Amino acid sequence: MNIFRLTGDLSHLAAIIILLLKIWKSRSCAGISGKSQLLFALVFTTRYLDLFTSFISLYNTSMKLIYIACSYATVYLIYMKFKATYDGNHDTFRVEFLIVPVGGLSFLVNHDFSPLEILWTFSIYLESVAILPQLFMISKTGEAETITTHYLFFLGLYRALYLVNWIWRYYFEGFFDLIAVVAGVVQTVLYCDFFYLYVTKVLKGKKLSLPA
């Protein structure tokens, strides 16, 4: 553990709770891409199969279970409990264009040709593009509520802090994983437009339009 990974992980949990309580309290999933939430749920399901093979720490086990629980819980609120407010007409991103290529790439570009390693690699490739349906839906519809931009900020900030974590771990422990780093850089660069607009508009009381 270093303070970058921990703050990244706290940023990630914050993101997930904010989105969960926004939907819970307002009893609506207005402006939320169900499809992005399916992808995050699929990312945690393929990444955390090592719950069955490895005990790292109680923290590590706990967060994996919290992340899995909240991801499935968010998909439940969107597609069952509050489906009445699910804007299916504007959440039109074709997710097959992420899943099939990422699946294909996870099979051909990996550290090891075993089922657990391939599914991990899949989790890492998929997380890098998981937010595109959410960002596309905002580009399409008018704007995002303030609370949604805060979710996107903290989610975006989480993997940005992992990059710093990876700099720290390379310098200090000689640890490097180029599949996680490259995917991490893709994941983070996809938040650049949103980050700019969040700083210059949302933190200045303006709202955050992404034309296209």
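Under this definition, the rigid core comprises the largest set of C-alpha atoms superposing within 1.5 Å between the forms. Residue indices: 1-based, along the sequence shown.
Greater average departure of CA atoms from the shown form, over structures and residues in 6 other deposited structures of this protein after a core fit, characterises 138-146 among 125-133 and 138-146.
In 6 other deposited structures of this protein, superposed by the rigid core, the C-alpha atoms of 53-61 lie farther from the shown form than the other of 24-32 and 53-61.
For the pair 114-122 and 86-94, the mean B factor over Cα atoms is greater in 86-94. Here 163-171 and 141-149 are compared by their mean Cα B-factor, and 141-149 comes out higher. In the PDB entry, a CA B factor belonging to the middle third of its chain's modelled residues is recorded for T61. The PDB entry assigns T200 a C-alpha temperature factor belonging to the highest third of its chain's modelled residues. In the PDB entry, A183 places in the lowest third of its chain by CA B-factor. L51 sits in the highest third of its chain by CA B factor, as recorded in the PDB entry. The entry lists a Cα temperature factor for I131 that places it in the lowest third of the chain's modelled residues.
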